[PDB]
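Protein chains in written order, with PDB author numbering: chain P, 292 to 339; chain Z, 213 to 313, 319 to 365, 383 to 403, 406 to 450; chain R, 9 to 110; chain W, 825 to 872; chain F, 51 to 64, 69 to 128, 153 to 589; chain H, 1130 to 1178.
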Amino acid sequence: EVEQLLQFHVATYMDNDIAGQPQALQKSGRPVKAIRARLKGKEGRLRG
Amino acid sequence: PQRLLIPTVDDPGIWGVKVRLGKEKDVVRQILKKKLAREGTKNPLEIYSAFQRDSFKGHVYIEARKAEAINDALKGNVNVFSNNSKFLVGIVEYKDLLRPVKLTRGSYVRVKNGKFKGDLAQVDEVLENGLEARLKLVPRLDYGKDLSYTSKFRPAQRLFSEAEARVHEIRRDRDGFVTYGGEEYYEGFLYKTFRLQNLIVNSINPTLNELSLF
Amino acid sequence: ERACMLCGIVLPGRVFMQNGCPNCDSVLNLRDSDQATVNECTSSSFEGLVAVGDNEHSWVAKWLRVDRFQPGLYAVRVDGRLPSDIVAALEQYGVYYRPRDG
Amino acid sequence: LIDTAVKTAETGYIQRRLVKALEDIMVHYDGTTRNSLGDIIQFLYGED
Amino acid sequence: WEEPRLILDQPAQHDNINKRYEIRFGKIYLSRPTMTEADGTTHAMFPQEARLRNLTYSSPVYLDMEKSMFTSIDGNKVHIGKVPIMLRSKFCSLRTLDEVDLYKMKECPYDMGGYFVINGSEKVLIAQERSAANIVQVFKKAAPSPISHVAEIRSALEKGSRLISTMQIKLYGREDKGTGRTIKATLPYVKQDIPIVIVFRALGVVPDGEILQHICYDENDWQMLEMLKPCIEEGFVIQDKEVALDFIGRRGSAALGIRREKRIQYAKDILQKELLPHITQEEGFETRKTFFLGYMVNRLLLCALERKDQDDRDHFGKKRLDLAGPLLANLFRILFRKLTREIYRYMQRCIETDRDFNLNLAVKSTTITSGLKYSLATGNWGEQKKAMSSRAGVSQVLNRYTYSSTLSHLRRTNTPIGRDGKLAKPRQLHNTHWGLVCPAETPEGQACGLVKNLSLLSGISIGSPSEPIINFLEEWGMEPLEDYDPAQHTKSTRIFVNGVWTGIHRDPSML
Amino acid sequence: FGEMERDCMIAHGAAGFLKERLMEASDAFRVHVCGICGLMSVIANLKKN
RNA sequence: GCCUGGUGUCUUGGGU
DNA sequence: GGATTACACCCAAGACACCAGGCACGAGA
DNA sequence: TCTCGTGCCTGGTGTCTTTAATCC
Ligand SMILES: [Zn+2]
Ligand SMILES: [Zn+2]
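1. With a cut-off of 7 Å, does the C-beta of residue 38 (chain R) fall near any C-beta of chain Z?
2. Output the distance between the C-alpha atoms of residue 234 (chain F) and residue 539 (chain F), rounded to the nearest integer angstrom.
3. List the residues that DSSP assigns as beta-bridge partners of residue 498 (chain F).
4. Taking the alpha carbon of residue 574 (chain F) as the point to measure from, which residue in F:544, F:273, F:264 has its own alpha carbon closest?
5. What residues in the region 88 to 109 of chain R bring their beta carbon closer than 9 Å to a beta carbon of chain Z?
6. Flag residue 16 (chain R) as yes if its beta-carbon sits less than 7 Å from any beta-carbon of chain Z, otherwise no.
7. For residue 430 (chain Z), count neighbouring C-beta atoms within 10 Å of its own C-beta (all shown protein chains included) and say buried if the count is 16 or more, exposed if not.
8. Within the continuous alpha helix (DSSP H) that includes residue 381 (chain F), where are the two ends?
9. Does any CB atom of chain F fall closer than 7 Å to the CB of residue 829 (chain W)?
10. Less than 6 Å between C-beta atoms, sequence neighbours within five positions excluded: which residues of the same chain meet that for residue 268 (chain F)?
11. Quick one: measure Cβ to Cβ for residue 169 (chain F) and residue 84 (chain F), integer angstroms, because I've assumed they're closer than 8 Å.
12. Ligand 2 and residue 1172 (chain H): does any heavy atom of the ligand fall closer than 6 Å to the residue's C-beta?
13. Could you check the C-alpha separation between residue 400 (chain F) and residue 202 (chain F) for me, to the nearest Å?
14. Using the C-alpha atoms, what's the distance from residue 229 (chain Z) back to residue 417 (chain F)?
15. Any C-beta of chain Z sitting closer than 7 Å to the C-beta of residue 59 (chain R)?
16. Answer yes or no: do residue 505 (chain F) and residue 524 (chain F) have a C-beta to C-beta separation smaller than 7 Å?
17. Bridge partners for residue 281 (chain Z) per DSSP, in chain order?
18. Chain W partners of residue 1165 (chain H), CB-CB under 7 Å?
19. Using a Cβ-Cβ distance cut-off of 7 Å, determine whether residue 343 (chain F) contacts chain Z.
20. Between the region 268 to 288 of chain F and the region 364 to 374 of chain F, do three or more beta carbon pairs fall short of 8 Å?
21. Quick check: what's the CA-CA separation for residue 282 (chain Z) versus residue 126 (chain F)?
22. Looking at chain W, which residues of the region 207 to 227 of chain F have a Cβ within less than 8 Å of any of its Cβ atoms?
23. Which bits of chain F does residue 335 (chain P) rub up against, with CB to CB less than 9 Å?
24. Quick check: residue 76 (chain F) and residue 122 (chain F), are their CB atoms within less than 7 Å of each other?
25. Report the rounded CA-to-CA distance for residue 217 (chain F) versus residue 247 (chain F), giving the unit in angstroms.
26. Using CA coordinates, which residue listed in F:433, F:226, F:455 is at the minimum distance from residue 109 (chain F)?
27. Name the residues in the region 518 to 535 of chain F whose C-beta lies less than 9 Å from a C-beta of chain W; which are they?
28. Does any CB atom of chain Z fall closer than 7 Å to the CB of residue 61 (chain F)?
29. Relative to chain R, which residues along the region 336 to 364 of chain Z have a C-beta separation below 9 Å, given in chain order?
30. Please indicate yes or no: does the CB of residue 241 (chain F) lie closer than 6 Å to some heavy atom of ligand 1?
31. Just verifying my parser: in three-state terms, what is the DSSP assignment at residue 781 (chain W)?
32. Please confirm whether residue 1136 (chain H) has its beta-carbon closer than 7 Å to some beta-carbon of chain W.
33. For a test of the three-state rule: what should DSSP assign to residue 309 (chain P), helix, strand or coil?
34. Should residue 207 (chain F) and residue 493 (chain F) be called a contact, given that it needs their Cβ atoms to be closer than 7 Å?
35. Please name the residue in F:352, F:353, F:325 whose C-alpha comes closest to that of residue 340 (chain F).
36. What residue range is occupied by the uninterrupted beta strand (DSSP E) comprising residue 60 (chain R)?
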């Protein structure tokens, strides 16, 4: 249970849009802004 | 000898069960109530014991002979995850589940509470009963400067200066020992009692600043 | 709640004052004590809560050496040790104290 | 009003894909029309 | 009164002494809005002070609670929170006063109210458009699907008016593809589609001849009868009630291993409740659900036989507007359960001490007060921790740029379909909008055609009890459902009251 | 200066103008790279040279 | 006696 | 039976962690 | 003067069950 949780945190640190499992959440309730989400979409590093 | 009490294949099985974090003690309690309430009836709860280890968050362990008894023990318990998540423990793993586990005068500890939270302190002595320890601490004082404290609005650390106290705001008790605002300072250090549970004795890392001082 | 240092049982502290320890009070006499005595033989600090339902057939109970005691809540680890004067008095009674603090 | 408001985004997407498909295509000094890989798209621009 | 009592129990063996702890919620009382200073002093709050000092214009709500203590060897006015008051309503301190004294309270007589004040900011609730409950709608399905026609209904109770469940009946089989063209249904909390005949048998009507007598009311219609042919044969081997009910329970999202002796009794709950709960939920009334089920299948086949067009989703008679009243009740319902569980979780610790709880220490008014304030201030319709998936924009800052804009803003309606999904059907001005929503007033841009505005003479139904209507229908000749046979009644008219088939009458013209 | 304005300057063939807009007139930055491994791992003290 | 830092993430309403 | 796609720019107003445990201070006996 | 209760501040840690088309 503890090793899988280290795998989990390292995964959602890089990509928090993994299909088929719940997103990592901030205490405010909104999803964590992972590095992958920083680069994609209209406002990310590349298009924005 | 403890070695004669090791478990064997003749002993009941132990299952682990996942429960809501922080609710492990409650589940152990609830299991005991159910067991005692059903003793001697036509439908006894066929578990022997249940327990929860702090080191093992989110789990309760339950001793029985049949898996069905585990389901029976937990039925209706609002603190237990409904998924059929129980797991079997090996006989060779049993005793480690029940392993029960410092502090010496002259050694260093880190304080865990109050304005001295995080500060390094020397253990001077412990109470006869065995609960609180007298600590030697670099004080964080103001000499009553703005009187008519918290850890976020405290003072810098500096050895007690009795002549500064004499000038600005004090009871002499012995050679180098003063009581100032109802605390004791000997040769510049505060000597104050803390609960042993309020100090950290393990894995202390002295800081740069502490290496410079001590 | 406090835990008896001798037998490890967990009870509300006032119980130790009202009725004594249900396992130990024949030798510990907490029922007829003051609060200072109760607090020297029972601890507010303990870890590993154990429901023992069947003392005499539980392996868990045998390991914790509570197999001859009454069904109830027990602690795996009880912090503190009996005062040396009480240990000495128990030994006068043929009772051997095995500390439960680890 | 609905049509103008809806189909403006349809054609806006069309223009974006067209530009990215064609942005690197340049006339070179030998008259050929090539992309950034030097692939020949036309041997002579516009055939004239 | 939706969940009127809390109940605990312990079988005292510690001389068994069952001690049920019970708490009953009674009458509600309301007080006028009151400002309580840090001092402790109180006074009547009027809106002008509330705007200036960024306060919330709200009324304290008190609830009677009653304790009772069953013991078997074998309170008063507790404060539950503050509810924001709509200005100029019956519970606002401005409703009285009279024109002379309005000027002294700095209130303008042209201000018609209809809005709330939350932290000094004026918030108006926007009417939310939704589909009607308790009505059957038939739609056609796209080509790459084995289904060609679907009947759908979302069932919602009359009391409260709240959603419960949703149910579908799908007709499989494409055009000359799909072989056996049978019909299966979808039931709440069951993982797989179940053929129609099986659920008919599972309700207590098992021989074929009675089943077809409940659906088709025209023995000559061989086209319709031919389409029900494969449904009989694919559910032939299930020949009695018991094996039918068990076939259901073996799919309904439960645990593994509840045996036939009980897996029936779990499925009987999924049939009695959750399946069409708007008709009835008391026992021994399964004749109404069986008759209604036959009606659905009949409607399904009429569309598949091209004798009736598929329903028009934009027909305004199939639509409802949720205004301030219904919207607050749904939110208040969610929050009152949250307050309830915090009371229940608190009793299990405070009774292990065996100390009489002072009640006022077991009602935290922050649950309702912060809940209503947060949702009205942000528009996030739900619990704060679940801000996504919840609907946004229900509350908006009242536009005060000009007087005309205030009138329009208080009469606005919203359809919550999105910006995802292009097409045109929810955006078009449909013919049935005539006289009910404005044909001209609509925003430019992304909301165009989805946000609408009520025509000048429109009104919204407040709601009325259906019970007096039933009494009027039976007094003037309506005949019960147990007396009805398609051979005898081959021509009478069916009567619906709020979507439940309640009777039949042979001479509708006089009625 | 969005994506569509970028394309217009390409069509004009004003390559020099486009470079300046997106660098000198904005967020131009100087980095050091290692000629061997190509990474921006250089530690550069400019007063000690 | 030169240097001189004031937020973010959303949502909603608008403009062409 | 799975995601990815869904014009551009701009303006402005309107918002923000919860629960439990421990320690300290004040009041009452 | 001592003990108990209440309030405030700081630190640690989640969970009752409840929009639509296309292509690969
Ligand atoms: Zn004992
Ligand atoms: Zn290098």
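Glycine residues also receive a C-beta, built at the ideal position from the N, C-alpha and C atoms.
Reading from the atomic positions:
1. Position 30 of the third sequence, counted from the start, is the residue given in the question as residue 38 (chain R). Output row for residue 38 (chain R): interface = no.
2. Against the fifth sequence, residue 234 (chain F) aligns to sequence position 156. Against the fifth sequence, residue 539 (chain F) aligns to sequence position 461. Those two C-alpha atoms are separated by around 18 Å.
3. Here residue 498 (chain F) refers to the residue found at position 420 of the fifth sequence. Paired residues: none, contrary to the question.
4. Within the fifth sequence, numbered from 1, the residue matching residue 574 (chain F) stands at position 496. Looking at the Cα atoms, F:544 is the closest of the given residues.
5. The region 88 to 109 of chain R vs chain Z, Cβ under 9 Å: 88, 89, 91, 108, 109.
6. Residue mapping note: residue 16 (chain R) aligns to position 8 of the third sequence, counting from 1. With its beta carbon at least 7 Å from every one in chain Z, residue 16 (chain R) lies outside the interface.
7. On the second sequence, position 194 is the one that residue 430 (chain Z) refers to. In this structure residue 430 (chain Z) is buried. Its beta-carbon is surrounded by 16 or more other beta-carbon atoms within 10 angstroms.
8. For the purposes of this step, residue 381 (chain F) is taken as the residue at position 303 of the fifth sequence. Run containing residue 381 (chain F): 364 to 382, per the alpha helix (DSSP H) assignment.
9. Walking along the fourth sequence from the start, residue 829 (chain W) turns up at place 5. At least one chain F Cβ lies under 7 Å of residue 829 (chain W).
10. As a working note, residue 268 (chain F) is residue 190 in the fifth sequence. Closer than 6 Å at the Cβ level, and outside the excluded window around residue 268 (chain F), lie 329, 330.
11. Against the fifth sequence, residue 169 (chain F) aligns to sequence position 91. Against the fifth sequence, residue 84 (chain F) aligns to sequence position 30. About 6 Å separates the two Cβ atoms, so the contact holds.
12. What you label residue 1172 (chain H) is simply residue 43 of the sixth sequence in a count that begins at 1. Not under cutoff, so the answer is no.
13. For the purposes of this step, residue 400 (chain F) is identified with residue 322 of the fifth sequence, where counting begins at 1. For the purposes of this step, residue 202 (chain F) is identified with residue 124 of the fifth sequence, where counting begins at 1. Cα to Cα, residue 400 (chain F) sits roughly 13 Å from residue 202 (chain F).
14. To locate residue 417 (chain F), count along the fifth sequence from 1; it is residue 339. To locate residue 229 (chain Z), count along the second sequence from 1; it is residue 17. Using only the alpha carbons, I get a separation of about 30 Å.
15. The residue labelled residue 59 (chain R) in the question sits at position 51 within the third sequence. Yes, its Cβ sits closer than 7 Å to a Cβ of chain Z.
16. Counted from its first residue, the fifth sequence places residue 505 (chain F) at position 427. Counted from its first residue, the fifth sequence places residue 524 (chain F) at position 446. Cβ atoms of residue 505 (chain F) and residue 524 (chain F): not closer than 7 Å.
17. Residue numbering aside, residue 281 (chain Z) sits at position 69 when the second sequence is read from its first letter. Looking at the DSSP assignment, residue 281 (chain Z) forms no beta bridge with any residue, so it has no partner.
18. Working through the sixth sequence from its first residue, we reach residue 1165 (chain H) at position 36. Identification of chain W residues near residue 1165 (chain H) by a Cβ-Cβ cut-off of 7 Å yields none; the smallest Cβ-Cβ distance measures about 28 Å.
19. Here residue 343 (chain F) refers to the residue found at position 265 of the fifth sequence. Not an interface residue.
20. They touch, by the three-pair rule.
21. As a first step, residue 282 (chain Z) must be located in the second sequence, where it is residue number 70. As a first step, residue 126 (chain F) must be located in the fifth sequence, where it is residue number 72. The straight-line gap from Cα to Cα measures roughly 30 Å.
22. Hits within the stretch: zero.
23. Within the first sequence, the letter at position 44 stands for residue 335 (chain P). Neighbours of residue 335 (chain P) across chain F, judged by C-beta separation under 9 Å, do not exist; the nearest C-beta is about 20 Å away.
24. In the fifth sequence, counting from the first residue as 1, residue 76 (chain F) sits at position 22. In the fifth sequence, counting from the first residue as 1, residue 122 (chain F) sits at position 68. Taking 7 Å as the Cβ cut-off, residue 76 (chain F) and residue 122 (chain F) qualify as a contacting pair.
25. Within the fifth sequence, the letter at position 139 stands for residue 217 (chain F). Within the fifth sequence, the letter at position 169 stands for residue 247 (chain F). When rounded, the distance between both Cα atoms is 11 Å.
26. To locate residue 109 (chain F), count along the fifth sequence from 1; it is residue 55. Comparing Cα positions, the closest option is F:455.
27. For the region 518 to 535 of chain F, the beta-carbon criterion of a distance under 9 Å to any beta-carbon of chain W is satisfied by 520, 522, 523, 524, 526, 527.
28. Residue numbering aside, residue 61 (chain F) sits at position 11 when the fifth sequence is read from its first letter. Closer than 7 Å to some Cβ of chain Z, the Cβ of residue 61 (chain F) qualifies, so yes.
29. For the region 336 to 364 of chain Z, the residues whose beta carbon sits under 9 Å from a beta carbon of chain R are, in order, 345, 346, 347, 348.
30. As a first step, residue 241 (chain F) must be located in the fifth sequence, where it is residue number 163. Outside the cutoff, so no.
31. Beyond the ends of chain W as shown, which are 825 and 872, falls residue 781 (chain W); an answer cannot be given.
32. Taking the first residue of the sixth sequence as position 1, residue 1136 (chain H) is located at position 7. Yes, its Cβ sits closer than 7 Å to a Cβ of chain W.
33. Here residue 309 (chain P) corresponds to residue number 18 of the first sequence, with the count starting at 1. Note: residue 309 (chain P) maps to coil in three-state DSSP.
34. Locating residue 207 (chain F) in the fifth sequence gives position 129, counting from the first residue. Locating residue 493 (chain F) in the fifth sequence gives position 415, counting from the first residue. In terms of Cβ geometry, residue 207 (chain F) and residue 493 (chain F) form a close pair [threshold 7 Å].
35. Walking along the fifth sequence from the start, residue 340 (chain F) turns up at place 262. The residue with the shortest Cα to Cα distance from residue 340 (chain F) is F:325.
36. Against the third sequence, residue 60 (chain R) aligns to sequence position 52. 54 to 60 is the span of the beta strand (DSSP E), which, as asked, contains residue 60 (chain R).
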